[PDB]
Amino acid sequence: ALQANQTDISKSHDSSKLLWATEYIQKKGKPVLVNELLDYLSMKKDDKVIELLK
Amino acid sequence: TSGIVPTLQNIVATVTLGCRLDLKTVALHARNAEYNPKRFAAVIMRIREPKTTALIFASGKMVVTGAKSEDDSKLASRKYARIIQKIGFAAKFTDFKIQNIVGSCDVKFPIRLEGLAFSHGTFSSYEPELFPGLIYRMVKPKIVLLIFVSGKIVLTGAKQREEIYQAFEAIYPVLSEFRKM
Amino acid sequence: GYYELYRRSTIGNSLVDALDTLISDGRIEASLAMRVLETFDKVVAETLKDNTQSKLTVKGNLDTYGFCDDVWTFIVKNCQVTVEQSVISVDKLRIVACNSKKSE
Amino acid sequence: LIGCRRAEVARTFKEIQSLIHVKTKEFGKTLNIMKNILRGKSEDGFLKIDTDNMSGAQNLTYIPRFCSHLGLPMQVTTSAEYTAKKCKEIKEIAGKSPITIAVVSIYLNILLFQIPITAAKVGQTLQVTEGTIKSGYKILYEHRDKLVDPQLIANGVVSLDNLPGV
Amino acid sequence: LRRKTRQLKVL
Amino acid sequence: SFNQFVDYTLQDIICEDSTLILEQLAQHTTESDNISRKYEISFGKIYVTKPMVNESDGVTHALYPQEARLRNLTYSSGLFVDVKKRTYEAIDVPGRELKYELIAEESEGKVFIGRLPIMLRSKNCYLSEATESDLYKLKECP
Amino acid sequence: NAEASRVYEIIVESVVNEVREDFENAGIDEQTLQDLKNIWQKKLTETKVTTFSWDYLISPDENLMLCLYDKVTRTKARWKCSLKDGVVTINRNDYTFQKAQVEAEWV
Amino acid sequence: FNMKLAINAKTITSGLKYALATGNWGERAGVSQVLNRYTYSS
């Protein structure tokens with residue numbers, strides 16, 4: 001139930017998604033690459049997240 | 001000596017379960033649960049057969065009240081931990097410490113509380129307008145006693161039997177000299 | 001918005017059992033179904049308190065109580081209810097209740 | 001409150017709460033803490049004998065003020081003081097609050113002296129429940145002989161047949 | 001910033 | 001002169017400044033609290049007691065001039081005023097003139113404002129209505 | 001119960017009178033209304049409840065009731081519950097109420 | 001709000017008492033003097 005209590009990380013805007021991305025890259029002690037981050041959030045296709053984070 | 005032994009009425013204990021819990025899930029899945037986060041920051045769960053009440057906190061702490069004996073408090077804490085495990089949290093029974101032991105007893109004679117306050121004023125506070133009982137704070141052992149005119153004595157603040165029992169056995173000689181009729 | 005309880009009642013289960021047939025037949029969409037359920041709950045909560053006049057009390061022993069998500073759940077057993085008298089014995093009764101505060 | 005008790009001009013918690021808007025619980029906590037501090041200061045410096053000045057009941061000191069508030073005569077006040085003194089011997093009512101003990105003794109002596117003041121008027125004046133006053137009178141009705149001052153009935157100013165029954 | 005309370009001279 | 005003062009001038013002094021009005025403005029950051037309060041404390045009739053003295057323990061009893069002279073007390077009597085408490089609320093709409101109405105919390109009620117010393121043989125003193133034998137009983141010289 | 005009958009009658013009438021404008025906004029035909037009313041009526045008749053005119057873990061044909069609590073208090077064994085605005089489903093029987101006092105003893 | 005604290009009766013009481021005990025008429029001297037009780041004519 002508590003693994004299911006977390007809702008979809010696909011929010012209605014991009015600032016929350018970049019917040020989660022920078023939280024993950026802060027909590028990771030080594031630089032991470034693209035596909036593991038895209039596995040961390042709920043979608044894989046190229047969207048505004050990669051261009052805004054660049 | 002004294003012809004009557006006090007009987008314990010409430011024992012408060014704390015147990016650390018060793019893990020974080022989700023009060024939402026344990027309130028939706030536990031049977032007799034009380035979760036009001038805007039009223040208290042814990043979920044309140046009580047069972048029948050030892051007649052106790054636990055306050056489960058989100059930090060894994062557990063406060064168990066309502067027990068009549070230390071073995072009953074231990075059994076109740078084990079039952080609550082088993083309840084948490086059956087809900088599905090890794091709540092290991094790590095430590096168990098009893099803080100408050102309160103017991104009531106009857107000396108079965110009337111007591112002069114005003115005279116007792118006048119005599120042992122350095123230990124006793126008597127404000128009959130506020131509360132109809134005398135608060136006697138012993139220094140050894142550190143026990144707070146509620147003296148009443150009907151002979152009823154309420155001893156609280158004990159950690160085991162070996163404070164409350166000698167607290168009553170020490171308060172009996174200084175109560176035998178204050179009798180009415 | 002208001003509280004969401006009355007699909008578990010007799011009118012509510014017939015309501016959803018009628019709306020799912022229309023969902024299957026394509027006679028209603030998901031948004032229309034959600035808002036018709038919401039306005040059904042609104043109108044039930046509106047007219048259940050003004051133009052009715054009955055009384056009912058229950059006395060018994062609760063086997064279970066629960067309070068989370070600002071709802072109260074009770075499982076009372078061997079309880080007698082009185083209407084308006086007319087007394088009916090109940091082996092097991094479940095009670096679901098919400099607060100008087102407006103949600104959202 | 002400590003100053004009133006030390007000057008033997010003792011008022012009650014209801015009086016000090018009528019003056020100061022203070023919560024009862026932490027008022028009692030503050031009073032206990034300051035009594036402990038004052039006893040510690042007395043033990044450290046000059047030692048003072050209490051001789052019943054800090055006593056919580058002090059029911060004899062509340063009778064004249066309440067009798068003045070009710071407009072009672074001096075002999076009724078003295079008889080109420082005697083009744084309040086003799087209520088300490090009674091086990092069942094000694095556990096009551098000193099305000100209640102003083103009020104029920106005053107009301108008993110009012111009924112004894114035929115003072116035309118009702119129990120509701122006594123309760124409205126002294127902020128005591130009329131049911132509490134009536135219960136105190138009905139339980140002190142059994143101990144009429146000990147409470148009522150003996151030379152009063154010896155001189156015939158009052159008689160025990162005047163008190164209404166229960 | 002505005003004064004909360006003020007005295008009125010009765011007339 | 002004292003009888004004129006006690007009979008009329010006390011009431012005149014009360015009635016010149018009988019009312020006292022305090023307005024609490026809305027001070028509203030949002031329009032949900034656009035109410036202005038108007039608290040008025042109004043004095044009315046003044047009453048004078050007979051000359052009395054309160055002891056230490058709260059006992060108040062009638063004071064006579066011989067007892068006052070012997071015990072170094074002030075031969076005074078209490079002054080009481082009627083106080084009625086008007087309260088008003090208004091919708092604090094800017095531009096529109098404020099119109100105040102009662103919320104019916106009009107509490108009123110004699111309250112003690114002090115002790116006026118009483119000159120002897122005035123209309124408030126006990127010795128005015130006393131006969132010569134009454135003065136001898138009170139140990140006052142006729 | 002005639003009271004429960006007329007309560008469910010005003011429920012179905014007010015619900016369909018509110019559904020009419022939503023269906024007009026959605027654009028579906030009026031044919032989707034009276035058949036809906038008839039299937040509601042036939043299921044409420046076939047339920048046979050009310051007449052008409054048309055170890056410690058929480059885990060229809062059940063005595064059950066839905067309500068809204070006003071004030072719930074608890075003593076050493078006694079449970080007081082002031083409930084309001086509910087529907088009641090004991091013994092295939094539906095009831096309504098304004099106030100409800102619930103007394104329970106917890107063992 | 002407590003009206004017993006709103007009114008300080010000691011203001012009026014102490015003002016009248018002080019101005020009648022000491023002749024300072026304020027807050028003119030010798031306004032009030034100790035009454036001569038030497039003789040009746042005095």
# chains A, B, ... in the order shown; residues from 1 in each chain; ligands from 1

$ residues_around --residues "residue 7 of chain E" --least-positions-apart "4" --cutoff "7 Å" --atoms "only C-alpha atoms" --output "short mmCIF file (atom, residue, chain, number, x, y, z; two decimals) with N, CA, C and O atoms, in the first residue's frame"
data_model
loop_
_atom_site.label_atom_id
_atom_site.label_comp_id
_atom_site.auth_asym_id
_atom_site.auth_seq_id
_atom_site.Cartn_x
_atom_site.Cartn_y
_atom_site.Cartn_z
N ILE F 21 -16.29 56.80 24.05
CA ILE F 21 -16.45 56.03 22.82
C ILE F 21 -15.08 55.73 22.24
O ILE F 21 -14.24 56.63 22.12
N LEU F 22 -14.85 54.46 21.89
CA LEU F 22 -13.61 54.02 21.27
C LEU F 22 -13.95 53.25 20.00
O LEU F 22 -14.71 52.28 20.05
N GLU F 23 -13.39 53.67 18.87
CA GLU F 23 -13.61 52.99 17.60
C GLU F 23 -12.41 52.13 17.25
O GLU F 23 -11.28 52.63 17.21
#

$ residues_around --residues "residue 82 of chain G" --least-positions-apart "2" --cutoff "6 Å" --atoms "only C-alpha atoms" --output "number ranges by chain"
G: 70-71, 100-101

$ residues_around --residues "residue 43 of chain A" --least-positions-apart "6" --cutoff "12 Å" --atoms "only C-alpha atoms" --output "PyMOL selection string"
chain A and resi 8-11+17+34-37+49-50

$ write_last_selection --atoms "N, CA, C and O atoms" --output "compact mmCIF listing (two decimals), in the first residue's frame"
# COMPACT_ATOMS: atom_id res chain seq x y z
N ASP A 8 1.54 9.36 -9.63
CA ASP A 8 2.34 9.49 -10.84
C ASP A 8 3.26 10.70 -10.75
O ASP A 8 2.84 11.78 -10.32
N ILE A 9 4.52 10.52 -11.15
CA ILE A 9 5.49 11.61 -11.14
C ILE A 9 5.35 12.50 -12.37
O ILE A 9 6.03 13.52 -12.48
N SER A 10 4.47 12.13 -13.30
CA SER A 10 4.17 12.97 -14.46
C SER A 10 3.20 14.06 -14.02
O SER A 10 1.98 13.93 -14.13
N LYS A 11 3.75 15.16 -13.51
CA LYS A 11 2.93 16.29 -13.09
C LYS A 11 2.46 17.09 -14.30
O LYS A 11 2.81 16.80 -15.45
N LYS A 17 9.12 18.29 -12.27
CA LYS A 17 9.93 17.21 -12.82
C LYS A 17 11.42 17.55 -12.78
O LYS A 17 12.25 16.69 -12.45
N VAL A 34 21.65 9.61 -18.92
CA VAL A 34 20.30 10.01 -19.31
C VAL A 34 19.28 8.90 -18.99
O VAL A 34 18.20 9.18 -18.47
N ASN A 35 19.61 7.65 -19.32
CA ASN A 35 18.58 6.61 -19.31
C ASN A 35 18.19 6.20 -17.90
O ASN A 35 17.03 5.83 -17.67
N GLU A 36 19.12 6.24 -16.95
CA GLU A 36 18.77 5.93 -15.56
C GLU A 36 17.87 7.01 -14.96
O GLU A 36 16.95 6.70 -14.19
N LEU A 37 18.09 8.28 -15.32
CA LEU A 37 17.17 9.33 -14.90
C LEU A 37 15.80 9.15 -15.53
O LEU A 37 14.77 9.31 -14.87
N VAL A 49 12.06 18.10 -20.77
CA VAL A 49 12.88 17.89 -19.58
C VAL A 49 14.37 17.95 -19.92
O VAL A 49 15.14 18.63 -19.23
N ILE A 50 14.79 17.30 -21.00
CA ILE A 50 16.21 17.24 -21.33
C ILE A 50 16.71 18.59 -21.81
O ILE A 50 17.80 19.03 -21.42

$ residues_around --residues "residue 51 of chain F" --least-positions-apart "4" --cutoff "8 Å" --atoms "only C-alpha atoms" --output "VMD selection string"
chain F and resid 62 to 64 75 to 78 118 124 to 126

$ atom_distance --atom1 "atom CA of residue 34 of chain H" --atom2 "atom CA of residue 65 of chain F"
15.6 Å

$ residues_around --residues "residue 22 of chain A" --least-positions-apart "4" --cutoff "12 Å" --atoms "only C-alpha atoms" --output "list in words"
residues 15, 16, 17, 18, 26, 27, 28, 31, 32, 37, 40, 41, 49, 50, 52, 53 and 54 of chain A

$ write_last_selection --atoms "N, CA, C and O atoms" --output "mmCIF file, in the first residue's frame"
data_model
loop_
_atom_site.group_PDB
_atom_site.id
_atom_site.type_symbol
_atom_site.label_atom_id
_atom_site.label_comp_id
_atom_site.auth_asym_id
_atom_site.auth_seq_id
_atom_site.Cartn_x
_atom_site.Cartn_y
_atom_site.Cartn_z
ATOM 1 N N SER A 15 8.464 22.186 -13.894
ATOM 2 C CA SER A 15 9.318 22.609 -12.789
ATOM 3 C C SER A 15 9.396 21.542 -11.702
ATOM 4 O O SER A 15 10.462 21.333 -11.112
ATOM 5 N N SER A 16 8.293 20.837 -11.445
ATOM 6 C CA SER A 16 8.324 19.744 -10.475
ATOM 7 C C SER A 16 9.185 18.585 -10.970
ATOM 8 O O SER A 16 9.905 17.956 -10.183
ATOM 9 N N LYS A 17 9.124 18.288 -12.271
ATOM 10 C CA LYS A 17 9.933 17.206 -12.821
ATOM 11 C C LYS A 17 11.420 17.546 -12.781
ATOM 12 O O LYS A 17 12.248 16.689 -12.447
ATOM 13 N N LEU A 18 11.780 18.796 -13.095
ATOM 14 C CA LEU A 18 13.185 19.181 -12.965
ATOM 15 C C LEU A 18 13.609 19.251 -11.502
ATOM 16 O O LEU A 18 14.783 19.021 -11.192
ATOM 17 N N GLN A 26 21.378 15.424 -6.866
ATOM 18 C CA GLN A 26 21.981 15.831 -5.604
ATOM 19 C C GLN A 26 22.189 14.647 -4.671
ATOM 20 O O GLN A 26 23.232 14.545 -4.016
ATOM 21 N N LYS A 27 21.208 13.743 -4.593
ATOM 22 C CA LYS A 27 21.328 12.603 -3.693
ATOM 23 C C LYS A 27 22.300 11.551 -4.212
ATOM 24 O O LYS A 27 22.790 10.738 -3.421
ATOM 25 N N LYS A 28 22.596 11.545 -5.512
ATOM 26 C CA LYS A 28 23.598 10.640 -6.058
ATOM 27 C C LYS A 28 24.981 11.275 -5.955
ATOM 28 O O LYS A 28 25.175 12.426 -6.359
ATOM 29 N N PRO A 31 28.129 11.407 -11.001
ATOM 30 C CA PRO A 31 27.325 11.863 -12.143
ATOM 31 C C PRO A 31 26.582 10.709 -12.802
ATOM 32 O O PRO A 31 27.144 9.634 -13.032
ATOM 33 N N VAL A 32 25.310 10.941 -13.108
ATOM 34 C CA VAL A 32 24.447 9.935 -13.710
ATOM 35 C C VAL A 32 24.122 10.357 -15.135
ATOM 36 O O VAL A 32 24.178 11.541 -15.486
ATOM 37 N N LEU A 37 18.092 8.276 -15.322
ATOM 38 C CA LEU A 37 17.173 9.330 -14.900
ATOM 39 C C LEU A 37 15.797 9.147 -15.535
ATOM 40 O O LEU A 37 14.766 9.311 -14.866
ATOM 41 N N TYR A 40 14.105 6.636 -13.730
ATOM 42 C CA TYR A 40 13.660 7.154 -12.440
ATOM 43 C C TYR A 40 12.319 7.868 -12.559
ATOM 44 O O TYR A 40 11.443 7.696 -11.704
ATOM 45 N N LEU A 41 12.126 8.664 -13.610
ATOM 46 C CA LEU A 41 10.798 9.239 -13.789
ATOM 47 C C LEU A 41 10.002 8.355 -14.751
ATOM 48 O O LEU A 41 10.503 7.357 -15.273
ATOM 49 N N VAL A 49 12.064 18.098 -20.773
ATOM 50 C CA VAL A 49 12.884 17.890 -19.580
ATOM 51 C C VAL A 49 14.372 17.954 -19.918
ATOM 52 O O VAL A 49 15.145 18.635 -19.230
ATOM 53 N N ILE A 50 14.790 17.296 -21.004
ATOM 54 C CA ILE A 50 16.210 17.236 -21.332
ATOM 55 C C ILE A 50 16.715 18.593 -21.812
ATOM 56 O O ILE A 50 17.805 19.030 -21.423
ATOM 57 N N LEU A 52 15.420 21.600 -21.103
ATOM 58 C CA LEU A 52 15.427 22.565 -20.010
ATOM 59 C C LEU A 52 16.539 22.261 -19.014
ATOM 60 O O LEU A 52 17.166 23.182 -18.478
ATOM 61 N N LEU A 53 16.832 20.977 -18.783
ATOM 62 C CA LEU A 53 17.918 20.637 -17.872
ATOM 63 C C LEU A 53 19.280 20.927 -18.495
ATOM 64 O O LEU A 53 20.240 21.218 -17.773
ATOM 65 N N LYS A 54 19.385 20.855 -19.826
ATOM 66 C CA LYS A 54 20.607 21.285 -20.496
ATOM 67 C C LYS A 54 20.758 22.801 -20.455
ATOM 68 O O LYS A 54 21.866 23.314 -20.261
#
